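Asker: My structure file structure_20.pdb, PDB, C-alpha atoms, is below:
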```
MODEL        1
ATOM      1  CA  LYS O   1      42.662  58.583 -19.708  1.00  0.00           C
ATOM      2  CA  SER O   2      42.914  55.569 -22.025  1.00  0.00           C
ATOM      3  CA  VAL O   3      46.230  56.865 -23.385  1.00  0.00           C
ATOM      4  CA  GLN O   4      47.842  55.992 -20.056  1.00  0.00           C
ATOM      5  CA  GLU O   5      46.015  52.671 -20.117  1.00  0.00           C
ATOM      6  CA  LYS O   6      47.682  49.902 -22.103  1.00  0.00           C
ATOM      7  CA  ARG O   7      44.499  49.370 -24.082  1.00  0.00           C
ATOM      8  CA  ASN O   8      41.952  52.096 -24.807  1.00  0.00           C
ATOM      9  CA  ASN O   9      38.845  49.939 -24.986  1.00  0.00           C
ATOM     10  CA  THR O  10      39.223  47.599 -22.028  1.00  0.00           C
ATOM     11  CA  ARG O  11      36.526  45.805 -20.009  1.00  0.00           C
ATOM     12  CA  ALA O  12      34.366  46.122 -23.114  1.00  0.00           C
ATOM     13  CA  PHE O  13      31.559  43.645 -23.785  1.00  0.00           C
ATOM     14  CA  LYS O  14      33.256  42.212 -26.892  1.00  0.00           C
ATOM     15  CA  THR O  15      36.467  41.514 -24.956  1.00  0.00           C
ATOM     16  CA  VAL O  16      34.579  40.134 -21.978  1.00  0.00           C
ATOM     17  CA  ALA O  17      32.343  37.952 -24.132  1.00  0.00           C
ATOM     18  CA  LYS O  18      35.563  36.928 -25.880  1.00  0.00           C
ATOM     19  CA  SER O  19      36.969  35.833 -22.530  1.00  0.00           C
ATOM     20  CA  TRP O  20      33.648  34.162 -21.732  1.00  0.00           C
ATOM     21  CA  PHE O  21      33.806  32.311 -25.057  1.00  0.00           C
ATOM     22  CA  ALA O  22      37.399  31.307 -24.297  1.00  0.00           C
ATOM     23  CA  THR O  23      36.181  29.914 -20.974  1.00  0.00           C
ATOM     24  CA  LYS O  24      33.360  27.994 -22.654  1.00  0.00           C
ATOM     25  CA  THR O  25      33.832  24.545 -24.146  1.00  0.00           C
ATOM     26  CA  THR O  26      30.720  23.037 -22.587  1.00  0.00           C
ATOM     27  CA  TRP O  27      28.656  23.326 -25.758  1.00  0.00           C
ATOM     28  CA  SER O  28      29.466  21.408 -28.923  1.00  0.00           C
ATOM     29  CA  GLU O  29      32.106  22.772 -31.296  1.00  0.00           C
ATOM     30  CA  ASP O  30      29.617  23.324 -34.133  1.00  0.00           C
ATOM     31  CA  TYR O  31      26.757  24.696 -32.031  1.00  0.00           C
ATOM     32  CA  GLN O  32      29.013  26.961 -29.988  1.00  0.00           C
ATOM     33  CA  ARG O  33      30.437  28.419 -33.197  1.00  0.00           C
ATOM     34  CA  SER O  34      26.869  29.279 -34.146  1.00  0.00           C
ATOM     35  CA  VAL O  35      26.432  30.817 -30.681  1.00  0.00           C
ATOM     36  CA  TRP O  36      29.508  32.967 -31.233  1.00  0.00           C
ATOM     37  CA  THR O  37      28.372  33.944 -34.730  1.00  0.00           C
ATOM     38  CA  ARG O  38      25.063  35.204 -33.313  1.00  0.00           C
ATOM     39  CA  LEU O  39      26.956  37.138 -30.649  1.00  0.00           C
ATOM     40  CA  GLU O  40      29.220  38.666 -33.301  1.00  0.00           C
ATOM     41  CA  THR O  41      26.280  39.820 -35.403  1.00  0.00           C
ATOM     42  CA  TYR O  42      23.686  40.862 -32.806  1.00  0.00           C
ATOM     43  CA  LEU O  43      25.134  41.146 -29.303  1.00  0.00           C
ATOM     44  CA  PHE O  44      28.323  42.994 -30.293  1.00  0.00           C
ATOM     45  CA  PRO O  45      27.582  45.992 -32.652  1.00  0.00           C
ATOM     46  CA  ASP O  46      25.946  48.141 -29.967  1.00  0.00           C
ATOM     47  CA  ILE O  47      27.305  47.074 -26.581  1.00  0.00           C
ATOM     48  CA  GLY O  48      30.679  45.767 -27.744  1.00  0.00           C
ATOM     49  CA  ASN O  49      31.977  49.258 -28.485  1.00  0.00           C
ATOM     50  CA  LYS O  50      30.607  50.600 -25.210  1.00  0.00           C
ATOM     51  CA  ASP O  51      32.127  50.511 -21.743  1.00  0.00           C
ATOM     52  CA  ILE O  52      29.931  47.894 -20.089  1.00  0.00           C
ATOM     53  CA  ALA O  53      30.338  49.686 -16.759  1.00  0.00           C
ATOM     54  CA  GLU O  54      27.936  52.325 -18.082  1.00  0.00           C
ATOM     55  CA  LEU O  55      25.729  49.889 -19.991  1.00  0.00           C
ATOM     56  CA  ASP O  56      22.214  50.470 -18.741  1.00  0.00           C
ATOM     57  CA  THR O  57      19.308  48.029 -18.753  1.00  0.00           C
ATOM     58  CA  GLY O  58      18.086  49.980 -21.765  1.00  0.00           C
ATOM     59  CA  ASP O  59      21.434  49.651 -23.567  1.00  0.00           C
ATOM     60  CA  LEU O  60      21.324  45.867 -23.342  1.00  0.00           C
ATOM     61  CA  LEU O  61      17.629  45.868 -24.168  1.00  0.00           C
ATOM     62  CA  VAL O  62      18.509  47.499 -27.497  1.00  0.00           C
ATOM     63  CA  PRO O  63      20.195  44.346 -28.991  1.00  0.00           C
ATOM     64  CA  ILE O  64      17.622  42.179 -27.193  1.00  0.00           C
ATOM     65  CA  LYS O  65      14.706  44.210 -28.595  1.00  0.00           C
ATOM     66  CA  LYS O  66      16.505  44.115 -31.943  1.00  0.00           C
ATOM     67  CA  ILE O  67      16.127  40.328 -32.033  1.00  0.00           C
ATOM     68  CA  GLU O  68      12.778  40.409 -30.209  1.00  0.00           C
ATOM     69  CA  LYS O  69      11.233  42.418 -33.038  1.00  0.00           C
ATOM     70  CA  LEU O  70      13.343  40.621 -35.635  1.00  0.00           C
ATOM     71  CA  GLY O  71      10.800  37.827 -35.527  1.00  0.00           C
ATOM     72  CA  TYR O  72      12.999  35.251 -33.824  1.00  0.00           C
ATOM     73  CA  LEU O  73      11.885  34.714 -30.233  1.00  0.00           C
ATOM     74  CA  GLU O  74      13.991  31.602 -29.662  1.00  0.00           C
ATOM     75  CA  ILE O  75      17.100  33.458 -30.783  1.00  0.00           C
ATOM     76  CA  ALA O  76      16.231  36.426 -28.558  1.00  0.00           C
ATOM     77  CA  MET O  77      15.589  34.220 -25.520  1.00  0.00           C
ATOM     78  CA  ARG O  78      18.815  32.303 -26.139  1.00  0.00           C
ATOM     79  CA  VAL O  79      20.849  35.493 -26.619  1.00  0.00           C
ATOM     80  CA  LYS O  80      19.117  36.701 -23.457  1.00  0.00           C
ATOM     81  CA  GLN O  81      20.637  33.705 -21.672  1.00  0.00           C
ATOM     82  CA  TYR O  82      24.043  34.058 -23.359  1.00  0.00           C
ATOM     83  CA  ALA O  83      24.111  37.682 -22.223  1.00  0.00           C
ATOM     84  CA  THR O  84      22.889  36.725 -18.743  1.00  0.00           C
ATOM     85  CA  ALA O  85      25.874  34.389 -18.388  1.00  0.00           C
ATOM     86  CA  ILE O  86      28.238  37.106 -19.596  1.00  0.00           C
ATOM     87  CA  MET O  87      26.645  39.636 -17.218  1.00  0.00           C
ATOM     88  CA  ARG O  88      27.225  37.176 -14.382  1.00  0.00           C
ATOM     89  CA  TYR O  89      30.880  37.059 -15.397  1.00  0.00           C
ATOM     90  CA  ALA O  90      30.748  40.850 -15.724  1.00  0.00           C
ATOM     91  CA  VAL O  91      29.698  41.328 -12.099  1.00  0.00           C
ATOM     92  CA  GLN O  92      32.515  38.990 -11.060  1.00  0.00           C
ATOM     93  CA  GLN O  93      34.936  41.328 -12.855  1.00  0.00           C
ATOM     94  CA  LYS O  94      33.268  44.286 -11.092  1.00  0.00           C
ATOM     95  CA  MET O  95      32.335  45.724 -14.488  1.00  0.00           C
ATOM     96  CA  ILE O  96      28.665  46.079 -13.643  1.00  0.00           C
ATOM     97  CA  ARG O  97      26.892  46.563 -10.316  1.00  0.00           C
ATOM     98  CA  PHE O  98      24.136  44.053 -11.020  1.00  0.00           C
ATOM     99  CA  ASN O  99      22.789  42.188 -14.036  1.00  0.00           C
ATOM    100  CA  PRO O 100      20.303  44.481 -15.856  1.00  0.00           C
ATOM    101  CA  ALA O 101      18.804  41.277 -17.255  1.00  0.00           C
ATOM    102  CA  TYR O 102      18.089  40.110 -13.704  1.00  0.00           C
ATOM    103  CA  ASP O 103      17.264  43.575 -12.381  1.00  0.00           C
ATOM    104  CA  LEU O 104      14.448  44.246 -14.807  1.00  0.00           C
ATOM    105  CA  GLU O 105      11.615  42.057 -13.535  1.00  0.00           C
ATOM    106  CA  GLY O 106       9.621  43.155 -16.547  1.00  0.00           C
ATOM    107  CA  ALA O 107       8.214  45.872 -14.328  1.00  0.00           C
ATOM    108  CA  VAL O 108       8.748  48.587 -16.904  1.00  0.00           C
ATOM    109  CA  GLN O 109       7.384  47.938 -20.386  1.00  0.00           C
ATOM    110  CA  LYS O 110       9.967  50.292 -21.878  1.00  0.00           C
ATOM    111  CA  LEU O 111      13.738  50.793 -22.011  1.00  0.00           C
ATOM    112  CA  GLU O 112      13.430  53.270 -19.164  1.00  0.00           C
ATOM    113  CA  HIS O 113      13.320  52.604 -15.427  1.00  0.00           C
ATOM    114  CA  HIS O 114      10.201  54.705 -14.950  1.00  0.00           C
ATOM    115  CA  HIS O 115       6.634  54.435 -16.174  1.00  0.00           C
ATOM    116  CA  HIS O 116       6.072  58.076 -15.369  1.00  0.00           C
ATOM    117  CA  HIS O 117       8.831  60.518 -16.284  1.00  0.00           C
ATOM    118  CA  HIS O 118       7.562  62.934 -13.673  1.00  0.00           C
TER     119      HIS O 118
ENDMDL
END
```
As a first step, turn the structure in this file into structure tokens.
Answerer:
Amino acid sequence: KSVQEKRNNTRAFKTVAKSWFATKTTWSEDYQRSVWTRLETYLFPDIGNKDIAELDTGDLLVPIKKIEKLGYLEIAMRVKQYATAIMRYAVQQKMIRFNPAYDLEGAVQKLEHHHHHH
């Protein structure tokens, strides 16, 4: 249906995070650039090309887990918070029902919503 839309990939994480970045000047110019650079490299490749409306807790856990097992916990936790802020903005734009980052209490130790498949 995106042919009738003015832009095929709309409401996508990269565009939304772009808007979020454009609405952020709270951090310092240098540090925030570093923030953006880490978003560009880690928190964009997977989810940025996906329609965030269908982005599952697992989908977002992919880039998170990517950094988690990258050996940089601080980076992962900070990207976790960056994403959390963007997800908050995402709900406000009705893109997602709830924040998967808030939804997952850490109940499931996997990327799935169930411990037992059946």
Asker: Neighbours of stretch 103-114 of chain O within 6 Å (only C-alpha atoms; same-chain residues fewer than 3 positions away dropped), as a list in words?
Answerer: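 What passes the distance filter is residues 58, 99 and 100 of chain O.
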Asker: Rounded to one decimal place, report the atom CA of residue O:70-atom CA of residue O:43 distance in Å.
Answerer: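 Going from atom CA of residue O:70 over to atom CA of residue O:43, I get 13.4 Å.
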Asker: Between O:94, O:118, O:66, O:7, single out the one closest to residue O:53, counting only C-alpha atoms.
Answerer: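 So, comparing all the options, the nearest one is O:94.
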Asker: So how far away is atom CA of residue O:26 from atom CA of residue O:13, in Å?
Answerer: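 Interatomic distance, atom CA of residue O:13 to atom CA of residue O:26: 20.7 Å.
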Asker: Go ahead and find all residues with at least one atom no further than 12 Å from (33.1, 39.2, -26.5) in the file's coordinates, using all atoms listed in the file; report them as JSON, numbers by chain.
Answerer: {"O": [10, 11, 12, 13, 14, 15, 16, 17, 18, 19, 20, 21, 22, 23, 24, 35, 36, 37, 38, 39, 40, 41, 42, 43, 44, 45, 46, 47, 48, 49, 50, 52, 82, 83, 85, 86, 87, 89, 90]}
Asker: Could you check how far atom CA of residue O:79 sits from atom CA of residue O:31, in Å to one decimal?
Answerer: 13.4 Å
